[PDB]
Amino acid sequence: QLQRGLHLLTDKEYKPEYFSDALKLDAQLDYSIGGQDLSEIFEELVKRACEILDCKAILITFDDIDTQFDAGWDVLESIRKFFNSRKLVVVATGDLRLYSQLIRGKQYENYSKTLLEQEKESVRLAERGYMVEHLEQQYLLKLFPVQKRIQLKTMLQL
Amino acid sequence: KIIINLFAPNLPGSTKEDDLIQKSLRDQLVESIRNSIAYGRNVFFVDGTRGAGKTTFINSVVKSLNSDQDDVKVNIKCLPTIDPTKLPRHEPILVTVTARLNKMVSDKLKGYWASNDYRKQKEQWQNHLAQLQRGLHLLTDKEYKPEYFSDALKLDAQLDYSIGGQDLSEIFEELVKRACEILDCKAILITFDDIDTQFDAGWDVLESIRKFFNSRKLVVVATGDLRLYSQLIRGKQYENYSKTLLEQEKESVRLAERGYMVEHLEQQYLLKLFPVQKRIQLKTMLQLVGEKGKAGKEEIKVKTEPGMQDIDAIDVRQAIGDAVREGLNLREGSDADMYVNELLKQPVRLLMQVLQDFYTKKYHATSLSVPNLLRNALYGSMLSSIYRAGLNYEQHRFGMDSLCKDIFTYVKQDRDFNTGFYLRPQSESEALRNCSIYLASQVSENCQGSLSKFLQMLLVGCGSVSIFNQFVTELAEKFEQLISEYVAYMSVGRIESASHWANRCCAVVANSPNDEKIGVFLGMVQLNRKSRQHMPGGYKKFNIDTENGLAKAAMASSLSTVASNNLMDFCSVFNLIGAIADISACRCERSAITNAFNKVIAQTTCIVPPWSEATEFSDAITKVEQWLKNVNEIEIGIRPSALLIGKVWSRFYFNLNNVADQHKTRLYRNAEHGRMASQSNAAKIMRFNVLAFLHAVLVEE
Amino acid sequence: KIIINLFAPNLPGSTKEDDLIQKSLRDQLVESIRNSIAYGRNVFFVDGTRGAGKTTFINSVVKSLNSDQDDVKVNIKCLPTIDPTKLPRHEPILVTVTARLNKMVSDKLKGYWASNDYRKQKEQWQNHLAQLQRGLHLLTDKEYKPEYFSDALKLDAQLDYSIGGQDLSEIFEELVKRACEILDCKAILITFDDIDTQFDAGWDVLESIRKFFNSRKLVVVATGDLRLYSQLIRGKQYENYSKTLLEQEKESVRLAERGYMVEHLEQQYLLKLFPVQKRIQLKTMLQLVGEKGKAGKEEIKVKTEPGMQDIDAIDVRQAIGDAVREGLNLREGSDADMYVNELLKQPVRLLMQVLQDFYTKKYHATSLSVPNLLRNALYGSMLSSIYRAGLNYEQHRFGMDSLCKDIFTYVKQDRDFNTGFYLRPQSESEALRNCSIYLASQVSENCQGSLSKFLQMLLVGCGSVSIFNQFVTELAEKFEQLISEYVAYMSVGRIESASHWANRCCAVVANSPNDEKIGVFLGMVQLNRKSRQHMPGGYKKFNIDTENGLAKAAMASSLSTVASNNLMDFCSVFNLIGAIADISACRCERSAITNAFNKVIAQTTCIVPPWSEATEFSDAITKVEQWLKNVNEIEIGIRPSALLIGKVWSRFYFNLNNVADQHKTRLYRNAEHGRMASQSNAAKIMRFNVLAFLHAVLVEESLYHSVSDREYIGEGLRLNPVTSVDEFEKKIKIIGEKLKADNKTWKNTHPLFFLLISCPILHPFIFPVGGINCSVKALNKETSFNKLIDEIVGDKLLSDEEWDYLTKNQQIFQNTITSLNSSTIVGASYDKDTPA
Ligand SMILES: Nc1ncnc2c1ncn2[C@@H]1O[C@H](COP(=O)(O)OP(=O)(O)OP(=O)(O)O)[C@@H](O)[C@H]1O
């Protein structure tokens, strides 16, 4: 059933023919939310895997996006969209000021390119920077709670 | 009459019957939602305090609506809350709503008992559902194909549509009507989460509400920021203009009316999508109760101690008022009340949570260090604010060295170097407006139960901003460079002793020139290392050897020599206070007395600031080693606050300006021993310096 | 008879007869449409801005024409209204029109009785639909194909088709002609809804009308905004140009003509599609109600509460006025209806959502704080303007801090620093004119039932605007940087107390470069902090300990110290106003009043701004509490407004300009006595400074305070006296004989003025020792002037001997300042004498 819904992750457009397969409740799993929800399907997939593996939680670990920090947007999006369960623990590594630079670039992509070019005055541009800074500081707060953030110490601090 | 149990076995991470506090408005909001059904596009917008429980409230809104079905005269069925950000990048909202509407209908269909009703409704649903499937290509098509015209002319429909065309607005309108009949409800509630963390996905939400969700059987509750929804709508209006018109008309006369038209387009877009009378404001704690004198809008109580009955419960304002006063060492007045109002503006879940952490740990602690107790309770709920403020977020670094840095950076970020060391929550940004109480609790704890740590903030933590305010003017990123190197010279991050901070403080004040170069500056007088010939009266040079016990070591502690292009000798009250900190911090052992005693008689040169262009003592030893015996029991009594430390220095700093002004302006030749106030000398000024310190301590305490 | 029900849904779908704002237009548009058919393109246009009610109006026209189908001799069949914004993105308008027309024809075919005509006309309709089906690709093709040519030469269509080219215009013309035969109508009304939501979609509507709707059997009515259609049309004529020519001919000699040529193309395109004689403008609510004196075009009424009948309705002009008269605390006059006029000119959607959110929350509260009810309405209604204007948006911060910051930024963009703090909706911009009434609702609510907050607006809100204008602006980008320093220095939006702001304001008046080095600044005097030789008369260094109770405390607040190169003590009048604001905030406890008097004098270290290059004391608190308790019993009924607060400051600020220079030179050697008006020593400068504020609160509040409906100042000249008391005295005298005629008190009429004239701090400043003029006529006016103050206050300020000692040149005073006149002002070298 996860393979049936993987097209949503990679589709470049919506196919109206898939609406007939987004309406079937033939699955005995009885997913609470209607329609094929990749977040929901992965939840019982992880819940099933915990019973098979006989463990309370599964630890998903990600390396640091250093040689290519554009690849970390999928990591950030997959954590919030899918890896949100009591059975899942996520640990990520990387420069926080590099993830912030990555999130900041994405928050600027939600602005229409016409608006950016046609509103260059300081009063509007400054407000855009305040909104983007506020938008991406809350993104990091939701994705990475501060009480769970851990900073690696250097020799001078060791 | 809401009673909040802080010690209830229920975890605060879930929503239950009146577990939150907004339920006074939620009932009217539920009533208002049902009010619009008795008679259209009913779209309610939900907002609140910045970063409040937006997701939490709407989940409780639909929870309280799906429960009561028959006991309520008007029935409303609620879809699961739709998060447009956690949706497929191309899946339409109409598909998402239908996919969740289909399951609610299907589950009700499986709940039918009669086959006669079940069969006729199931085929009516599927015939309605197949009509929507035949038209979903209209949403996604990038080009019109001629074969769709035959579909648009297919009038062989028992559904009896109003208009001829293949309008998805009326196909979905009839689909909702059938869903209402199956679910036996007058309306269906569609709720959307905030469009934050990806706000380009909220356009599909806005367009779906505008075009498809404008039926009288549909209620839409949207959540988010109107400032961000305005930002989205504004951008789409510009894209209506042709790119050639924008490029070929860039003159300000046309560029202004172009922007004066779009701002009119977004103004009427929100007023149409979200009517003002339907916009909902999530009240904060302060609005729910009001002020101390103003009559309470709705009495709300908090169980301070476990097992306490409803009659013995106290108001929320005094629940945090007692907590804040105990932790911040503040009297029952207006200084602590403005902190109470500051905490009353926090999110309603955060206010109950910070109360729980303080009280629950208090019960365990008693079964004390209340300022320490409030810091840990505030840290759990404010840790977001400290991290974004660049302050000390390291849970084990909450000591004395880090406190000096925190006060410095807080003043710099808040941009008030004359009153920012009072640590009042007068800032505008949430992070700085919330870091005051945390820093006030840090000061109220690090200095509580000690004497040397009172001066270690008055002279260092709080005294570093008044010197800077006397420093920035004479000099004015370069300003950003100035503060970074200002910390390094004072060693604000790492003070080994308060006698060294004042040792380098005299070299800073002396750098600034005076009028006529009298040799008098803030709280100090410039002594001369070499004698002046032919001085009327007895104005000789200074030699330390002339003084006696408790008059030589004390003067040596106040003495300070700064090496520059010209060697200079200085005496200051600040150097005298630095000697007090070393002695107070040192132990009661007589062998441990000398290390602080010798250090204040070290007579070591002080480097000029980088930015500048440049046993006889046993009589004193027994007194200082006996006074610190008296210090130990007194230290327990004193409970300093951040307000007290700033206030004492504020009068102390201001008075030294007057002392250095009322004595340098009287030029004299025979006023060694002052018989009248119109006479002054080197020693007479230092009389009023310590009196300025003692009087300031007296009045403010 | 138009009765708008505010508690009704009030939506285009739910709008019926008897509550249509546009009814004369609907009646006359139908007649014009009918006459054009009784006698090419027949296209009508209904114009109007966004929210003017185009969708509501045009639906009624369809309803009006649909009713009485057979009865009207001229027959018109109306298709359902087409909304271009809600249509599918890529479908043609011709498809939408035909699909709706097909259903109308189809339902008529199924209504026939004879089986022959139904069968005959069904195939004729299907034949035309098949022809249209065949040719729709001509619209949606990205290129031509050779095999289409064989389709163009097919002349076996069996219809006339006078021209053979597979012309979609002619195919639709015959399809419409056939549709009229089946429907038995003279014409078919195609209706288009406004495109204001997305005007990009309006190009296909415009193109379809001229290409396909040219039949005499078709009549078209379209709604929208011509200035919105113009930018749509003009944006397409720019696409007809070759791009390469655009960069190459970038010279201003050709770019001007190119912009000229597009104007001619747009002008005729709008004239080609919509003839001027067919256009109709949707009248604004103001244009339908007129003004007070002149009767409006229609007499519209509104319903403010549910459950009433139509006879209980009131006119919209009154209903908006009541929300302005009460919500903004304005009496009837030229400034109240002028707020209503600005709201009437607003779009109907914006006006309804003000008149709804106000009364919906007013009937659900009364079953109060009317200024708060209006403020909530104008916060969301003007919300988009607030974001554009860069104001404060958080409702959980709607307090004194945010309001004083909004005023400075509102005039920072309004380009009106002189009188822009009235928040008058007179700006040329639309956003700033919208925020002019939202910020005015801020003032009328945050100052309702208060005096400390009212003075805070007067001193910090209006004050910081004026002090910036005449003392900081001369140094100014720099202007943005200067405001970044002025606001930060003066702490606008984050003040601790009004006196703390005053301790900084008094520096700013002195920080600006002033010539002649005279210490008589604007609203303050720089008393010398030291002394030297050559001091004539009884002139010496200023002493604070010389004064007695209620004389030390009154001036202790008044003193300010700036930490310049040399510390400079400043005595001002803003400090007195700042202290009163701080004291009026204090409650009935005497343990906190002593903090108010002492937080202002000590610990004051006001560094120069970056842009600057360089027990009798207990006998006063019992009087303060007798006045503080008098504040809390009368201040509840205080109803101030943004106009009144600004107007009071306007009269107040002008006097300080007069006293600054009218007394600057009048300092002579024999000025200590102050017997003659020529002498203007420091005890007379501040006597009139306080008398300036009391007079500003006297006349201005007697003009605009909403509690009073009858003018009490009366007809005359208002000269706000300097160097005189006569005209100040007479106005109090005139009101006294006028209040007595109406048997009306001195408290309900002037709650604002009474509590300031009875302020204990201001009393020792009304009659100082180096004050009162001592000529034969000066004592004549001042004898009654002192009596008048005692009468209105209710208790004597000076006894019989106290007045006699002041007039005739020792007995100490517990209610009069003594040492002020002996003090000398910096830069005032008394090298001359008073002329005789
Ligand atoms: N005749 C009327 N009676 C009562 N209220 C009216 C009337 N005309 C307009 N309104 C109010 O003004 C609003 C204006 O909406 P309307 O749709 O009529 O205008 P529009 O902006 O031209 O249309 P659209 O919604 O298509 O953009 C209505 O929603 C309603 O609140």
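Residues numbered from 1 in each chain as written, not as in the entry; some residues may be left out. Chains lettered and ligands numbered in written order. Part of a larger assembly, values for the part shown. Heavy atoms only, no water.

- The deposited coordinates, according to the entry record, derive from cryo-EM at 3.03 Å resolution.

- Under the PDB entry, the name given to chain B is Archaeal ATPase, and the organism recorded is Escherichia coli.
- According to the record, the entry carries the title "Structure of tetradecameric RdrA ring".

- By the naming in the PDB entry, chain A is Archaeal ATPase, taken from Escherichia coli.

Comments concerning the overall build of chain A
Item 1. Of the regular secondary structure elements, chain A holds seven helices and two strands.
Item 2. The order of α-helices and β-strands along chain A, N terminus first, is α-α-α-β-α-β-α-α-α.
Item 3. Viewed in the frame of its principal axes, chain A has a C-alpha envelope of about 55 × 50 × 25 Å.
Item 4. Scored against the burial criterion, the 158 residues of chain A give a buried share of 39%.
Item 5. A sequence separation of at least 24 residues applies to 71% of the contacts in chain A between residues at least 6 apart.
Item 6. When the accessible surface of chain A is totalled, it reaches about 10,100 Å², and 53% of it is carbon and sulfur.
Item 7. Looking at charge distribution, chain A has the averaged site of its 22 positive side-chain charges lying 4 Å from that of its 26 negative ones. (Helix = DSSP H or I, 4+ residues; strand = E, 2+ residues; numbered from the N terminus. Buried < 20%, exposed > 50% of the residue type's maximum accessible area, 1.4 Å probe, protein only. Contact = heavy atoms within 4.5 Å. Areas by Shrake-Rupley, 256 points an atom, 1.4 Å probe, with all protein chains shown as cover. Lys, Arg positive; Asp, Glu negative; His and termini not counted. Charge placed at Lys NZ, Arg CZ, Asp CG, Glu CD.)

Digging into the interface of chain B and chain C
Item 1. In this complex, chain B contributes 80 residues to the contact, which on the side of chain C involves 75 residues.
Item 2. The tally of links from chain B across to chain C stands at seven salt bridges.
Item 3. For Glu263 of chain B, the salt bridge identified is with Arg388 of chain C, shortest N-O distance 3.7 Å.
Item 4. The interface formed by chain B and chain C includes 24 residue pairs in polar contact.
Item 5. Contributing elements (two or more residues each) for the side of chain B that touches chain C: α6 (147-152), α8 (202-211), α9 (226-238), α10 (243-248), α11 (252-273), β6 (279-281) and α28 (642-662) of chain B.
Item 6. A per-element tally of the side of chain B that touches chain C places α11 of chain B first, with 13 residues. (Salt bridge = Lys/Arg side-chain N within 4 Å of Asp/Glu carboxyl O. Polar contact = N/O pair within 3.5 Å; in protein donor to acceptor, adjacent residues only side chain to side chain.)

Digging into the interface of chain B and chain A
Item 1. Each partner contributes residues to the interface: chain B has 45 residues there, and chain A has 46 residues.
Item 2. For the pair chain B and chain A, the two sides together bury roughly 4,100 Å², of which 59% comes from carbon and sulfur.
Item 3. Between the two partners, chain B and chain A, sit three salt bridges.
Item 4. Residue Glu127 of chain A is joined to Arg227 of chain B by a salt bridge in which the shortest nitrogen-to-oxygen separation is 3.2 Å. (Buried area = accessible area lost by both parts, 1.4 Å probe.)

Details of unusual backbone geometry
Residue and element names in this part refer to chain C.
Item 1. Of note in the backbone geometry, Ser367 takes a positive phi value of approximately 55° without being a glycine.
Item 2. Considering the arrangement of structural elements, one finds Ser367 in the loop between α14 (348-366) and α15 (370-381).
Item 3. Here the phi dihedral of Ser491 falls at roughly 55°; this positive angle occurs in a residue that is not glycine.
Item 4. Exposure remark for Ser491: the relative accessible area of 16% places this residue in the buried category.

Looking at the site of the ligand
Item 1. Taken together, 19 residues surround the ligand, and among them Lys272 of chain B together with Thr55, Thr56, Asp194 and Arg349 of chain C come closest.
Item 2. This site is not confined to one chain, since residues near the ligand come from chains B and C.
Item 3. At 2.9 Å from an oxygen atom of the ligand is found a main-chain nitrogen or oxygen belonging to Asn10 of chain C.
Item 4. Secondary structure elements with two or more residues in the shell around the ligand: α2 (54-66) and α14 of chain C.
Item 5. The residue makeup of the shell around the ligand, split by class, is six nonpolar, six polar and seven charged. (Near = heavy atom within 4 Å. Nonpolar A, V, L, I, M, F, W, Y, C, P; charged D, E, K, R; others polar.)

Comments concerning the sheet that holds strand β1 (residues 2-5) of chain C
Two orientations exist for strands paired in a sheet by backbone hydrogen bonds: parallel and antiparallel.
All names here are of chain C.
Item 1. An order of β1-β7-β8 is seen for the three strands of this open sheet, with the pairing classed as mixed. With one partner strand each, in any of the chains shown, β1 and β8 (314-315) form the two edges of the open sheet.
Item 2. With two bridges joining them, strand β7 (residues 300-303) and β8 adopt antiparallel strand pairing. The residue bridging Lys301 from the neighbouring strand is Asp315, located in β8. (Pairing = 2+ DSSP bridges.)

Details of the pattern of salt bridges
Item 1. Taken as a whole and judged by the stated rule, the model has 76 salt bridges over all chains.
Item 2. For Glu207 of chain B, the salt bridge identified is with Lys211 of chain B, shortest N-O distance 3.7 Å. Here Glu207 of chain B and its partner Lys211 of chain B are both found in helix α8, four residues apart, which amounts to about one turn of the helix. Here the two residues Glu207 of chain B and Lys211 of chain B agree in accessibility, since each one is buried.
Item 3. Notably, a salt bridge pairs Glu782 of chain C with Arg687 of chain C, separated by 2.8 Å at the nearest N-O pair. Of this pair, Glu782 of chain C sits in helix α31 (residues 776-793) while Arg687 of chain C sits in helix α27 (residues 682-704), placing them 95 residues apart in sequence. A single burial state applies to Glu782 of chain C and to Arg687 of chain C, both of which are buried.

Thoughts on the pairing of strand β7 (residues 300-303) of chain B
Residues and elements named next belong to chain B.
Item 1. The alternating pattern of β7 places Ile300 and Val302 on one face and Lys301 and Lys303 on the opposite face, and all of these are buried.
Item 2. Note: strand β1 (residues 2-5) against β7, four bridges, orientation parallel. Within β7, the residue paired with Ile2 across the bridge is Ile300.
Item 3. Relative to strand β8 (residues 314-315), β7 is paired through two bridges, and the arrangement is antiparallel. Along β8, the bridge assignment pairs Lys301 with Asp315.

Focus: the sheet that holds strand β9 (residues 520-521) of chain B
Residues and elements named next belong to chain B.
Item 1. Strand order in the open sheet formed by four strands is β9-β10-β12-β11, with antiparallel pairing between adjacent strands. Because the sheet does not close on itself, it has two edges, and the strands there are β9 and β11 (559-562).
Item 2. For β9 and strand β10 (residues 524-527), the ladder comprises two bridges, and the chain directions are antiparallel. Counted as the bridge partner of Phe521 is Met524 from β10.
Item 3. Sheet strands in contact with helix α29 (residues 682-700) are β9, β10 and β12 (568-572), and its direction is about 155° off that of β10. (Axes fitted to C-alpha atoms, helices over the stretch in contact; angles between N-to-C directions.)

Topic: the packing of aromatic side chains
Item 1. Across all of its chains, the model carries 72 aromatic pairs over all chains by this definition.
Item 2. With a centroid separation of 5.9 Å and 80° between ring planes, the pair formed by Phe45 of chain B and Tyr229 of chain B is classed as edge-to-face. Note that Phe45 of chain B is positioned in strand β2 (residues 42-47) and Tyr229 of chain B in helix α9, a separation of 184 residues in sequence.
Item 3. For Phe45 of chain B, a relative accessible area of 1% translates into the label buried.
Item 4. Exposure remark for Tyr229 of chain B: the relative accessible area of 1% places this residue in the buried category.
Item 5. Relative to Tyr241 of chain C, the ring of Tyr238 of chain C has its centre 6.4 Å away and its plane inclined at 35°; by these criteria the two rings are tilted.
Item 6. Over the aromatic face of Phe44 of chain B sits the side chain of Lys278 of chain B, whose NZ or CZ is 5.6 Å from the ring centroid.
Item 7. Against the face of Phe754 of chain C rests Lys747 of chain C, its NZ or CZ located 4.8 Å from the ring centre. (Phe/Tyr/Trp six-rings, centres within 6.5 Å; stacked < 30°, edge-to-face > 60°. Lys NZ or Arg CZ within 6 Å of the ring centre and 35° of its normal.)

Some thoughts on the packing of helix α13 (residues 316-328) of chain B against helix α14 (residues 337-344) of chain B
Residue and element names in this part refer to chain B.
Item 1. Axis separation between α13 and α14 bottoms out at 9 Å; the angle between their running directions is 125°. Between α13 and α14, the crossing angle belongs to the class labelled oblique. The element α13 and its partner α14 pack so that their crossing is right-handed. In this structure, α13 contributes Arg317, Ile320, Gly321, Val324 and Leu328 to the contact, and α14 contributes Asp337, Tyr339, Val340, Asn341, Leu343 and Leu344.
Item 2. Residue classes in the contact of α13 with α14 are distributed as seven nonpolar, two polar and two charged. (Parallel < 35°, antiparallel > 145°, perpendicular 65-115°, else oblique. Left-handed = near helix turned anticlockwise from the far one by under 90°.)

Examining α31 of chain C
All names here are of chain C.
Item 1. Taking 1.5 Å per residue as the helical rise, α31 with its 18 residues ought to reach 26 Å, and the 26 Å between its terminal C-alpha atoms agrees with that figure.
Item 2. Among the residues of α31, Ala778, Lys781, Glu782, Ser784, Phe785, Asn786, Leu788, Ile789, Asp790, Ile792 and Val793 are the ones counted as buried.
Item 3. Buried residues along α31 sit in contact with α27, α28 (726-741), α29 (751-757), α30 (763-766) and α32 (800-807).
Item 4. Downstream of α31 by one or two residues, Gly794 has phi in the positive range, about 110°. (Expected span 1.5 Å × (residues − 1).)

Topic: the pairing of strand β2 (residues 88-92) of chain A
Residues and elements named next belong to chain A.
Item 1. Pairing between strand β1 (residues 58-62) and β2: five bridges, direction parallel. The partner of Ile58 across the bridge, within β2, is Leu88.
Item 2. In this fold, the crossover linking β1 to β2 by way of helix α4 (residues 72-81) has right-handed handedness. (Right-handed = clockwise from strand over helix to strand, strands pointing away.)

Some words on the nonpolar core
Item 1. Ranked by internal contacts, the top residues of the largest apolar core, which has 260 residues, are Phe213 of chain B together with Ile467 and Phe574 of chain C.
Item 2. The biggest single contributor to this core is α27 of chain C, with 16 residues.
Item 3. Counting residues in each nonpolar core, the second largest holds 126 residues, with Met457, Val509, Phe570 and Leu643 of chain B among its members. (Core = buried A, V, L, I, M, F, W, Y, C linked by side-chain atoms within 4.5 Å.)

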